[PDB]
Amino acid sequence: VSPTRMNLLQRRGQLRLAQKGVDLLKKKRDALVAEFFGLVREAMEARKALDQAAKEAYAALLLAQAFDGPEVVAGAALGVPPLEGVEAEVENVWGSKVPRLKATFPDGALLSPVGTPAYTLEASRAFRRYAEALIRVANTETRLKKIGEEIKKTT
Amino acid sequence: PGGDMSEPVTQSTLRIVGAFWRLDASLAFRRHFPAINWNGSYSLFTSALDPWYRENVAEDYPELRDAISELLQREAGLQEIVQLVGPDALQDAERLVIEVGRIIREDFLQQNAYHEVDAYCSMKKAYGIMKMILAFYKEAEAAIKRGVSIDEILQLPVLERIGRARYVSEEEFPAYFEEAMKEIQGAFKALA
Amino acid sequence: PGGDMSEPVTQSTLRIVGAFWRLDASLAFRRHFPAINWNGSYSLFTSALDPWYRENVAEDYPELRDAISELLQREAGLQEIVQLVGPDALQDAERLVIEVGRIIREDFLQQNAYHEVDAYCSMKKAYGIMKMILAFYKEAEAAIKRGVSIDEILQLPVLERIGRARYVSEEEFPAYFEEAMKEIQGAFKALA
Amino acid sequence: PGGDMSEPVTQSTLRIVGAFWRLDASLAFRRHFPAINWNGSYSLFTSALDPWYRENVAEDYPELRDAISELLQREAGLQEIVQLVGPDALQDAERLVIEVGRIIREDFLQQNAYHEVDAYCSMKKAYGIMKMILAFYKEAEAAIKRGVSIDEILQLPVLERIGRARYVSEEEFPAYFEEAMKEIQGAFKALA
Amino acid sequence: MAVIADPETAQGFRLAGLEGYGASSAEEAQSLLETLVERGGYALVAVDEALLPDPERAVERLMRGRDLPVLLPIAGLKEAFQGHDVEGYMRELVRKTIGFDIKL
Amino acid sequence: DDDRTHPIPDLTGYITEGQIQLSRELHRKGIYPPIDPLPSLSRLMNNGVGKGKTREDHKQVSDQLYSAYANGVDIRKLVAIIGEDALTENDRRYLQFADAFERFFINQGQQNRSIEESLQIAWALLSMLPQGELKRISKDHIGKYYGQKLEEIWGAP
Amino acid sequence: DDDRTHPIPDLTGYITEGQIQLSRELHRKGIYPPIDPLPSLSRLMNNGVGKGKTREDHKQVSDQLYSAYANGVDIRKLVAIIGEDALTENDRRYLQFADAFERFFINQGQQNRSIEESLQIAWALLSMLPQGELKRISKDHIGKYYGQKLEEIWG
């Protein structure tokens, strides 16, 4: 680089631009951390709700296994097929796409409409609620991880 | 000598002239002519010529020229952020300004001195090009508020109509301008 | 000229001066006077002046002064955490030193010369204020060891005696200092 | 003076000399001798000496030398990428190039001038080291496509045979070369 | 979606209408997870928390190229009825994201 | 060359008390007179303001205006990256204050404003900020001059 | 010191009618002849080219090549900051155009090319970009010459 007065003025201008850009990036990082410190507590509340759902579903499953017997449980498992329809629609967070989970939960996927196996049906309901609890937990966790990686990049 | 603007002849000339058209080597390298540095150029005769422009070109011509200058200043301000984080990190209200500035630089300011038609440009042709660009900018700003994506606004066919208005002959421009102004409305009435 | 310390006059002066008090307007923004940079400043007379201090002010002046300098130094190392995480989301052992650093800055490293009992500060007065600050910090740390909410530490009424020890008269000081030294032993043992 | 290569004596010498061996302070500070900057150096006698090499060392010497120069250029190109994303984020095909370039730098270019054996190196010894390094690189490139991890390749004991090759005397080098070539061809066959 | 856990809950997970598989050891669960990742599976795979707390740390050799399935540790049978400290898990999560390990 | 390290601007700073700096950005944005308040400074202002020679609320109003403009100019640059919705409420209040200030207080054209007119306009601009945000102003002046509308100078800017 | 602002090149450029400037970066990559197109110039170029002298599409092809290469160089500067994976689909075409231009149009070795061969290679390179980007070429020339693939020559 040839030393001229014009070059010196241009380099001093570039130095001023860099000094402004550093502070601008620091402000962006502060905003990202402000979002992150609320997203983390949302994730914590979702996690404890999922824990409660798991506890009640396991209790109902134990009651269905003990009293109704493995025969009725196996028959219900045979009669209920798995679910194939899921949605992975993309959500935008700070220019980065993330998958947003949505399970269809359709009608007709559960059989044996009679209420005689009372212990099995309640376990089915509990696991049905467990499904959406797990979906909520995953939907919060993916955003939390992406915000963490964005903060990493800006730092 | 060597393009150094701190030359005593250049500095002595600065204090006694009315207009200053500074040229840039970076624009000349990429064959962008007339290669006038917009940031380092000025003119002191602008305010004294406004009545002539009002009585000889159009009544609203100074407002159009000042809007163009404000657009160029806005584009110049944002380039110190794109250099930092890249053009894809901005919002759509800034990408639109960037694209409008690029359109203005590559259509209005550029001029070929060896072309048959583009070598000479009258005042009314420049006024028409400025009016078309400002109308497009207003429509594109309106379309963003409806949630239309920016990446398809620039794909509209009227951008090529704007970008080739330079080469239209002086005797054909009064019809080309009207059909382009109608095409702006006809394209922006319903995008998607 | 520009605040740069590499200027030849400053370089020539720094080679021979025994003390170097550096100022900045950043503390003047916060109305913090005198605006002396406690990080960039230094003095080379500290070692030789200590026997005079211990024979004429207090036998434990240098050790206490070094302890307060260390407490000021510990505050500066946490600025890499408060710059990213907020100033309230810290643990007890860090929030306590941040609070005591703020108290030290706003009641010991700040001064006004328009008030009669503060313009001229005797060495015994400064020694008493330093003793009160260190005793408050030590008892707060001991109470934190026993387990207590840190908001109670930032609320206890004895904390205001440190702020109001500046404005006691110079010949009225020792009774005030003894009164504070006996008050501080009372609140932190029962309510914490 | 001060490592400035724009000084008049340096620039007046580059117009007449046929080779330019540029030394670097960064390599000399890290005890990487002879500390020749292989990006700023050049030689204008390379083309004229090829017929001598084609009959006095081996008939494939220029191809081997050009291949190693290309490997060094590729590593120097990747060095810009690795410095901002870390060595882990690169794929296996790039990590292999990085490790091979490091092996070439620390085992072929470096030369101790005070060691008993390493102080003098013949042409055939350097040719054998070049052949061994490129054979290892080709075997590793072949084995990468079979899903073998970089960790499994870098832990291979044959890598230490390349590193210690320059300390073997001239009278014992051909047997070491044959054994090392057989070991290189065998160890990757033993690898998955 | 797919769920893997102890075999004593696979029938209960199927009772919800979801795909459920059983696993009993660390390596068996890891191999089952690899088989589920390798196939064109769905957008979520659930793993047992008590056995594999960090499922992505081993499968990122395949999941960095394509990240459509989302992994998640779910609490096991033996630890659900006594509870688990979600506070410590979130402290470790903040440590993995921020690194300061200072939070309240 | 817009260089403050040139000898002619450098020596004038040592002898004179303060300076007034014109900005090319405000000139290219259509604002006349293009006086940039942030790099401007008067070193003898404190001896001329105050009661008995002007109104007593001069210094605090000037300081609060300076601080609010300094906040707003940086918020305006952060907006273009993070967006307006990601802001808080006071950030948008400062963002409105900055451009309202530039449009009304500075861009006066060929007007001749007395000190009362300028103080009234300054108090009108500060009224868009909430109470309690004005830390540098005593409460006696706030209880007397706060809360006036901006539509007076709006009649003919 | 490869300084263009030295007095001798400055005065020579002020007196003569253009220059052919060599680039050390192209020389270090093995490209011969290492002629840098952007800093080069020819003032009398417009007198000798055009219809009836070489071909009617000479000047527009030259201008479009210059603009596209400048865009490619700017995108090369950008990817040193944001990484090539973060690029849009448009800028990757310019990046590949710059690489292929340097590897094929400039790196010709010791062979002798006629003007028709060089124009054919240039039109093969310009066909990599989309047809809507050629703002400096008349649509008649685009209709007449666009569409050839480089694999017919250097495939």
# chains A, B, ... in the order shown; residues from 1 in each chain; ligands from 1

call {"tool": "interface_residues", "arguments": {"of": "chain F", "to": "chain B", "cutoff": "7 Å", "atoms": "only C-alpha atoms", "output": "MDAnalysis selection string"}}
result
chainID F and resid 28:29 80:81 83

call {"tool": "interface_residues", "arguments": {"of": "chain G", "to": "chain A", "cutoff": "10 Å", "atoms": "only C-alpha atoms", "output": "JSON, numbers by chain"}}
result
{"G": [1, 2, 3, 4, 5, 6]}

call {"tool": "write_last_selection", "arguments": {"atoms": "N, CA, C and O atoms", "output": "mmCIF file, in the first residue's frame"}}
result
data_model
loop_
_atom_site.group_PDB
_atom_site.id
_atom_site.type_symbol
_atom_site.label_atom_id
_atom_site.label_comp_id
_atom_site.auth_asym_id
_atom_site.auth_seq_id
_atom_site.Cartn_x
_atom_site.Cartn_y
_atom_site.Cartn_z
ATOM 1 N N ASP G 1 8.035 -2.422 -6.124
ATOM 2 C CA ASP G 1 7.137 -2.894 -5.069
ATOM 3 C C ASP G 1 5.702 -3.067 -5.561
ATOM 4 O O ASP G 1 4.764 -3.047 -4.757
ATOM 5 N N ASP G 2 5.531 -3.253 -6.874
ATOM 6 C CA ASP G 2 4.220 -3.357 -7.520
ATOM 7 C C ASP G 2 3.339 -2.157 -7.186
ATOM 8 O O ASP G 2 2.136 -2.284 -6.953
ATOM 9 N N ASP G 3 3.947 -0.975 -7.168
ATOM 10 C CA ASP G 3 3.251 0.252 -6.809
ATOM 11 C C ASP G 3 2.857 1.001 -8.076
ATOM 12 O O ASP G 3 3.723 1.464 -8.825
ATOM 13 N N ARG G 4 1.550 1.123 -8.307
ATOM 14 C CA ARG G 4 1.056 1.823 -9.485
ATOM 15 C C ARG G 4 1.221 3.333 -9.366
ATOM 16 O O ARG G 4 1.289 4.022 -10.388
ATOM 17 N N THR G 5 1.319 3.857 -8.148
ATOM 18 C CA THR G 5 1.419 5.290 -7.914
ATOM 19 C C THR G 5 2.858 5.790 -7.892
ATOM 20 O O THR G 5 3.089 6.954 -7.550
ATOM 21 N N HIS G 6 3.823 4.937 -8.228
ATOM 22 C CA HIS G 6 5.204 5.370 -8.367
ATOM 23 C C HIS G 6 5.299 6.376 -9.515
ATOM 24 O O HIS G 6 4.491 6.332 -10.446
#

call {"tool": "interface_residues", "arguments": {"of": "chain E", "to": "chain C", "cutoff": "9 Å", "atoms": "only C-alpha atoms", "output": "PyMOL selection string"}}
result
chain E and resi 100+102-104

call {"tool": "write_last_selection", "arguments": {"atoms": "N, CA and C atoms", "output": "CSV table (one decimal), in the first residue's frame"}}
result
chain,number,residue,atom,x,y,z
E,100,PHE,N,-21.0,-19.5,31.0
E,100,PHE,CA,-20.6,-18.8,32.3
E,100,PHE,C,-21.0,-19.6,33.5
E,102,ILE,N,-23.4,-19.1,35.4
E,102,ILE,CA,-23.9,-18.2,36.4
E,102,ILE,C,-25.3,-17.8,36.1
E,103,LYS,N,-26.3,-18.2,37.0
E,103,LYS,CA,-27.7,-18.0,36.7
E,103,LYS,C,-28.5,-18.1,37.9
E,104,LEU,N,-29.5,-17.3,38.1
E,104,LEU,CA,-30.6,-17.4,39.1
E,104,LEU,C,-31.8,-16.6,38.7

call {"tool": "residues_around", "arguments": {"residues": "residue 187 in chain B", "least_positions_apart": "4", "cutoff": "8 Å", "atoms": "only C-alpha atoms", "output": "list in words"}}
result
residues 156, 158, 183 and 191 of chain B

call {"tool": "write_last_selection", "arguments": {"atoms": "N, CA, C and O atoms", "output": "PDB file, in the first residue's frame"}}
result
ATOM      1  N   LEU B 156     -40.164  -8.721 -11.366  1.00  0.00           N
ATOM      2  CA  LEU B 156     -41.222  -8.204 -12.222  1.00  0.00           C
ATOM      3  C   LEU B 156     -40.648  -7.771 -13.569  1.00  0.00           C
ATOM      4  O   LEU B 156     -39.501  -7.314 -13.638  1.00  0.00           O
ATOM      5  N   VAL B 158     -41.248  -5.215 -15.361  1.00  0.00           N
ATOM      6  CA  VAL B 158     -41.126  -3.776 -15.559  1.00  0.00           C
ATOM      7  C   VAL B 158     -39.733  -3.270 -15.195  1.00  0.00           C
ATOM      8  O   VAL B 158     -39.344  -2.171 -15.614  1.00  0.00           O
ATOM      9  N   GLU B 183     -47.849   0.456 -17.193  1.00  0.00           N
ATOM     10  CA  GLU B 183     -47.429  -0.897 -16.851  1.00  0.00           C
ATOM     11  C   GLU B 183     -47.059  -1.019 -15.378  1.00  0.00           C
ATOM     12  O   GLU B 183     -47.230  -2.091 -14.789  1.00  0.00           O
ATOM     13  N   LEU B 191     -49.970  -8.348  -7.236  1.00  0.00           N
ATOM     14  CA  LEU B 191     -48.737  -9.109  -7.409  1.00  0.00           C
ATOM     15  C   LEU B 191     -48.986 -10.605  -7.249  1.00  0.00           C
ATOM     16  O   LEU B 191     -48.828 -11.378  -8.200  1.00  0.00           O
TER      17      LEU B 191
END

call {"tool": "closest_residue", "arguments": {"among": "A:93, A:144, A:80, A:50", "to": "residue 108 in chain A", "atoms": "only C-alpha atoms"}}
result
A:80

call {"tool": "interface_residues", "arguments": {"of": "chain F", "to": "chain A", "cutoff": "10 Å", "atoms": "only C-alpha atoms", "output": "PyMOL selection string"}}
result
chain F and resi 1-3+74-75+77-78+81-82+86-87

call {"tool": "select_by_dssp", "arguments": {"residues": "chain D", "states": "alpha helix (DSSP H)", "output": "number ranges by chain"}}
result
D: 8-13, 25-29, 50-56, 61-85, 92-104, 123-144, 150-154, 158-163, 173-190

call {"tool": "atom_distance", "arguments": {"atom1": "CA of residue 144 in chain F", "atom2": "CA of residue 106 in chain F"}}
result
24.5 Å

call {"tool": "interface_residues", "arguments": {"of": "chain A", "to": "chain E", "cutoff": "7 Å", "atoms": "only C-alpha atoms", "output": "ChimeraX atom specification"}}
result
/A:44,48,55,61,76-77,80-83,88,109,124,127-128,148

call {"tool": "residues_around", "arguments": {"residues": "residue 64 in chain F", "least_positions_apart": "2", "cutoff": "9 Å", "atoms": "only C-alpha atoms", "output": "list in words"}}
result
residues 59, 60, 61, 62, 66, 67, 68, 69, 126, 134, 135, 136 and 137 of chain F

call {"tool": "closest_atom_pairs", "arguments": {"of": "chain B", "to": "chain G", "cutoff": "6 Å", "atoms": "only C-alpha atoms", "output": "Markdown table"}}
result
| residue | atom | partner | partner_atom | distance |
| --- | --- | --- | --- | --- |
| B:2 | CA | G:5 | CA | 4.9 |
| B:29 | CA | G:38 | CA | 5.4 |
| B:30 | CA | G:70 | CA | 5.8 |

call {"tool": "residues_around", "arguments": {"residues": "range 103-117 of chain C", "least_positions_apart": "6", "cutoff": "10 Å", "atoms": "only C-alpha atoms", "output": "ChimeraX atom specification"}}
result
/C:31-36,38,68,71-72,97,126,129-130,133-134,159,162-170

call {"tool": "residues_around", "arguments": {"residues": "residue 35 in chain G", "least_positions_apart": "5", "cutoff": "8 Å", "atoms": "only C-alpha atoms", "output": "list in words"}}
result
residues 20, 21, 22, 23, 26 and 106 of chain G

call {"tool": "select_by_dssp", "arguments": {"residues": "chain A", "states": "strand (DSSP E)", "output": "list in words"}}
result
residues 86, 87, 88, 89, 90, 91, 92, 93, 96, 97, 98, 99, 100, 101, 102 and 103 of chain A

call {"tool": "residues_around", "arguments": {"residues": "residue 143 in chain A", "least_positions_apart": "4", "cutoff": "10 Å", "atoms": "only C-alpha atoms", "output": "list in words"}}
result
residues 36, 39, 40, 43, 91, 92, 93, 97, 98, 99, 100, 138, 139, 147, 148 and 149 of chain A

call {"tool": "atom_distance", "arguments": {"atom1": "CA of residue 88 in chain F", "atom2": "CA of residue 133 in chain F"}}
result
14.4 Å

call {"tool": "atom_distance", "arguments": {"atom1": "CA of residue 82 in chain D", "atom2": "CA of residue 98 in chain D"}}
result
9.1 Å

call {"tool": "decode", "arguments": {"residues": "range 62-92 of chain G", "atoms": "N, CA, C and O atoms", "output": "PDB file, in the first residue's frame"}}
result
ATOM      1  N   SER G  62     -17.244  -7.306 -24.727  1.00  0.00           N
ATOM      2  CA  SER G  62     -16.172  -6.835 -23.852  1.00  0.00           C
ATOM      3  C   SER G  62     -16.724  -6.147 -22.604  1.00  0.00           C
ATOM      4  O   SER G  62     -16.272  -6.420 -21.481  1.00  0.00           O
ATOM      5  N   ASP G  63     -17.717  -5.270 -22.782  1.00  0.00           N
ATOM      6  CA  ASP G  63     -18.301  -4.559 -21.646  1.00  0.00           C
ATOM      7  C   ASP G  63     -18.981  -5.516 -20.672  1.00  0.00           C
ATOM      8  O   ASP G  63     -18.825  -5.388 -19.447  1.00  0.00           O
ATOM      9  N   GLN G  64     -19.738  -6.483 -21.199  1.00  0.00           N
ATOM     10  CA  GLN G  64     -20.430  -7.431 -20.334  1.00  0.00           C
ATOM     11  C   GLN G  64     -19.445  -8.309 -19.574  1.00  0.00           C
ATOM     12  O   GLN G  64     -19.656  -8.603 -18.389  1.00  0.00           O
ATOM     13  N   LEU G  65     -18.363  -8.731 -20.236  1.00  0.00           N
ATOM     14  CA  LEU G  65     -17.335  -9.515 -19.561  1.00  0.00           C
ATOM     15  C   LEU G  65     -16.701  -8.728 -18.424  1.00  0.00           C
ATOM     16  O   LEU G  65     -16.492  -9.267 -17.328  1.00  0.00           O
ATOM     17  N   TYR G  66     -16.403  -7.446 -18.662  1.00  0.00           N
ATOM     18  CA  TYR G  66     -15.811  -6.614 -17.616  1.00  0.00           C
ATOM     19  C   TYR G  66     -16.741  -6.485 -16.415  1.00  0.00           C
ATOM     20  O   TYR G  66     -16.316  -6.654 -15.263  1.00  0.00           O
ATOM     21  N   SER G  67     -18.022  -6.200 -16.670  1.00  0.00           N
ATOM     22  CA  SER G  67     -18.968  -6.028 -15.569  1.00  0.00           C
ATOM     23  C   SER G  67     -19.148  -7.318 -14.776  1.00  0.00           C
ATOM     24  O   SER G  67     -19.165  -7.298 -13.535  1.00  0.00           O
ATOM     25  N   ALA G  68     -19.272  -8.452 -15.472  1.00  0.00           N
ATOM     26  CA  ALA G  68     -19.466  -9.723 -14.784  1.00  0.00           C
ATOM     27  C   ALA G  68     -18.244 -10.104 -13.958  1.00  0.00           C
ATOM     28  O   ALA G  68     -18.379 -10.617 -12.839  1.00  0.00           O
ATOM     29  N   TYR G  69     -17.039  -9.858 -14.484  1.00  0.00           N
ATOM     30  CA  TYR G  69     -15.839 -10.179 -13.718  1.00  0.00           C
ATOM     31  C   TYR G  69     -15.710  -9.288 -12.489  1.00  0.00           C
ATOM     32  O   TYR G  69     -15.268  -9.748 -11.427  1.00  0.00           O
ATOM     33  N   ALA G  70     -16.092  -8.012 -12.609  1.00  0.00           N
ATOM     34  CA  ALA G  70     -16.076  -7.133 -11.442  1.00  0.00           C
ATOM     35  C   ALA G  70     -17.051  -7.615 -10.372  1.00  0.00           C
ATOM     36  O   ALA G  70     -16.728  -7.609  -9.173  1.00  0.00           O
ATOM     37  N   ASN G  71     -18.246  -8.048 -10.790  1.00  0.00           N
ATOM     38  CA  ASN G  71     -19.209  -8.599  -9.837  1.00  0.00           C
ATOM     39  C   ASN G  71     -18.663  -9.847  -9.154  1.00  0.00           C
ATOM     40  O   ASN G  71     -18.835 -10.029  -7.940  1.00  0.00           O
ATOM     41  N   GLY G  72     -18.003 -10.718  -9.921  1.00  0.00           N
ATOM     42  CA  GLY G  72     -17.417 -11.913  -9.333  1.00  0.00           C
ATOM     43  C   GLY G  72     -16.333 -11.602  -8.318  1.00  0.00           C
ATOM     44  O   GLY G  72     -16.238 -12.258  -7.278  1.00  0.00           O
ATOM     45  N   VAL G  73     -15.505 -10.594  -8.603  1.00  0.00           N
ATOM     46  CA  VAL G  73     -14.463 -10.195  -7.657  1.00  0.00           C
ATOM     47  C   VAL G  73     -15.079  -9.643  -6.373  1.00  0.00           C
ATOM     48  O   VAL G  73     -14.618  -9.944  -5.261  1.00  0.00           O
ATOM     49  N   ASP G  74     -16.139  -8.838  -6.501  1.00  0.00           N
ATOM     50  CA  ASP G  74     -16.801  -8.311  -5.307  1.00  0.00           C
ATOM     51  C   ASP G  74     -17.413  -9.427  -4.463  1.00  0.00           C
ATOM     52  O   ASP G  74     -17.334  -9.398  -3.226  1.00  0.00           O
ATOM     53  N   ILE G  75     -18.018 -10.425  -5.109  1.00  0.00           N
ATOM     54  CA  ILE G  75     -18.579 -11.542  -4.353  1.00  0.00           C
ATOM     55  C   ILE G  75     -17.472 -12.381  -3.713  1.00  0.00           C
ATOM     56  O   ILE G  75     -17.644 -12.905  -2.603  1.00  0.00           O
ATOM     57  N   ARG G  76     -16.318 -12.505  -4.380  1.00  0.00           N
ATOM     58  CA  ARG G  76     -15.156 -13.123  -3.744  1.00  0.00           C
ATOM     59  C   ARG G  76     -14.740 -12.377  -2.487  1.00  0.00           C
ATOM     60  O   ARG G  76     -14.316 -12.999  -1.507  1.00  0.00           O
ATOM     61  N   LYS G  77     -14.811 -11.047  -2.511  1.00  0.00           N
ATOM     62  CA  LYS G  77     -14.533 -10.282  -1.298  1.00  0.00           C
ATOM     63  C   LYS G  77     -15.570 -10.559  -0.214  1.00  0.00           C
ATOM     64  O   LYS G  77     -15.230 -10.638   0.972  1.00  0.00           O
ATOM     65  N   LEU G  78     -16.840 -10.697  -0.603  1.00  0.00           N
ATOM     66  CA  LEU G  78     -17.904 -10.904   0.382  1.00  0.00           C
ATOM     67  C   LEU G  78     -17.797 -12.269   1.066  1.00  0.00           C
ATOM     68  O   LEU G  78     -18.059 -12.393   2.274  1.00  0.00           O
ATOM     69  N   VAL G  79     -17.430 -13.309   0.311  1.00  0.00           N
ATOM     70  CA  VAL G  79     -17.377 -14.649   0.898  1.00  0.00           C
ATOM     71  C   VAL G  79     -16.221 -14.802   1.874  1.00  0.00           C
ATOM     72  O   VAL G  79     -16.195 -15.768   2.645  1.00  0.00           O
ATOM     73  N   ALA G  80     -15.255 -13.882   1.864  1.00  0.00           N
ATOM     74  CA  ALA G  80     -14.222 -13.893   2.890  1.00  0.00           C
ATOM     75  C   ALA G  80     -14.754 -13.418   4.233  1.00  0.00           C
ATOM     76  O   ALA G  80     -14.063 -13.562   5.247  1.00  0.00           O
ATOM     77  N   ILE G  81     -15.958 -12.859   4.260  1.00  0.00           N
ATOM     78  CA  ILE G  81     -16.591 -12.408   5.490  1.00  0.00           C
ATOM     79  C   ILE G  81     -17.743 -13.318   5.890  1.00  0.00           C
ATOM     80  O   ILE G  81     -17.817 -13.770   7.032  1.00  0.00           O
ATOM     81  N   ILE G  82     -18.651 -13.617   4.956  1.00  0.00           N
ATOM     82  CA  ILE G  82     -19.866 -14.343   5.325  1.00  0.00           C
ATOM     83  C   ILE G  82     -19.817 -15.830   4.996  1.00  0.00           C
ATOM     84  O   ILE G  82     -20.737 -16.566   5.391  1.00  0.00           O
ATOM     85  N   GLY G  83     -18.785 -16.303   4.304  1.00  0.00           N
ATOM     86  CA  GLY G  83     -18.720 -17.709   3.952  1.00  0.00           C
ATOM     87  C   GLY G  83     -19.553 -18.046   2.733  1.00  0.00           C
ATOM     88  O   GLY G  83     -20.626 -17.471   2.530  1.00  0.00           O
ATOM     89  N   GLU G  84     -19.073 -18.982   1.911  1.00  0.00           N
ATOM     90  CA  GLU G  84     -19.736 -19.269   0.644  1.00  0.00           C
ATOM     91  C   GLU G  84     -21.061 -20.000   0.822  1.00  0.00           C
ATOM     92  O   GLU G  84     -21.919 -19.917  -0.063  1.00  0.00           O
ATOM     93  N   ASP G  85     -21.247 -20.714   1.933  1.00  0.00           N
ATOM     94  CA  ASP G  85     -22.505 -21.414   2.165  1.00  0.00           C
ATOM     95  C   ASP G  85     -23.656 -20.459   2.454  1.00  0.00           C
ATOM     96  O   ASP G  85     -24.818 -20.831   2.258  1.00  0.00           O
ATOM     97  N   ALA G  86     -23.363 -19.243   2.909  1.00  0.00           N
ATOM     98  CA  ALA G  86     -24.391 -18.256   3.207  1.00  0.00           C
ATOM     99  C   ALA G  86     -24.809 -17.446   1.988  1.00  0.00           C
ATOM    100  O   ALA G  86     -25.659 -16.558   2.117  1.00  0.00           O
ATOM    101  N   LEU G  87     -24.234 -17.721   0.821  1.00  0.00           N
ATOM    102  CA  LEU G  87     -24.577 -16.983  -0.383  1.00  0.00           C
ATOM    103  C   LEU G  87     -25.972 -17.349  -0.874  1.00  0.00           C
ATOM    104  O   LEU G  87     -26.515 -18.414  -0.568  1.00  0.00           O
ATOM    105  N   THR G  88     -26.551 -16.440  -1.652  1.00  0.00           N
ATOM    106  CA  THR G  88     -27.760 -16.755  -2.390  1.00  0.00           C
ATOM    107  C   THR G  88     -27.414 -17.606  -3.609  1.00  0.00           C
ATOM    108  O   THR G  88     -26.248 -17.876  -3.906  1.00  0.00           O
ATOM    109  N   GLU G  89     -28.453 -18.033  -4.325  1.00  0.00           N
ATOM    110  CA  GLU G  89     -28.236 -18.821  -5.530  1.00  0.00           C
ATOM    111  C   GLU G  89     -27.699 -17.976  -6.677  1.00  0.00           C
ATOM    112  O   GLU G  89     -27.104 -18.524  -7.611  1.00  0.00           O
ATOM    113  N   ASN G  90     -27.894 -16.657  -6.627  1.00  0.00           N
ATOM    114  CA  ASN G  90     -27.431 -15.795  -7.709  1.00  0.00           C
ATOM    115  C   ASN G  90     -25.920 -15.596  -7.666  1.00  0.00           C
ATOM    116  O   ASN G  90     -25.256 -15.624  -8.709  1.00  0.00           O
ATOM    117  N   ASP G  91     -25.360 -15.389  -6.472  1.00  0.00           N
ATOM    118  CA  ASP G  91     -23.947 -15.037  -6.365  1.00  0.00           C
ATOM    119  C   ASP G  91     -23.036 -16.223  -6.649  1.00  0.00           C
ATOM    120  O   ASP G  91     -21.872 -16.033  -7.027  1.00  0.00           O
ATOM    121  N   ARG G  92     -23.537 -17.447  -6.470  1.00  0.00           N
ATOM    122  CA  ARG G  92     -22.731 -18.619  -6.786  1.00  0.00           C
ATOM    123  C   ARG G  92     -22.430 -18.698  -8.275  1.00  0.00           C
ATOM    124  O   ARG G  92     -21.346 -19.146  -8.666  1.00  0.00           O
TER     125      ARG G  92
END
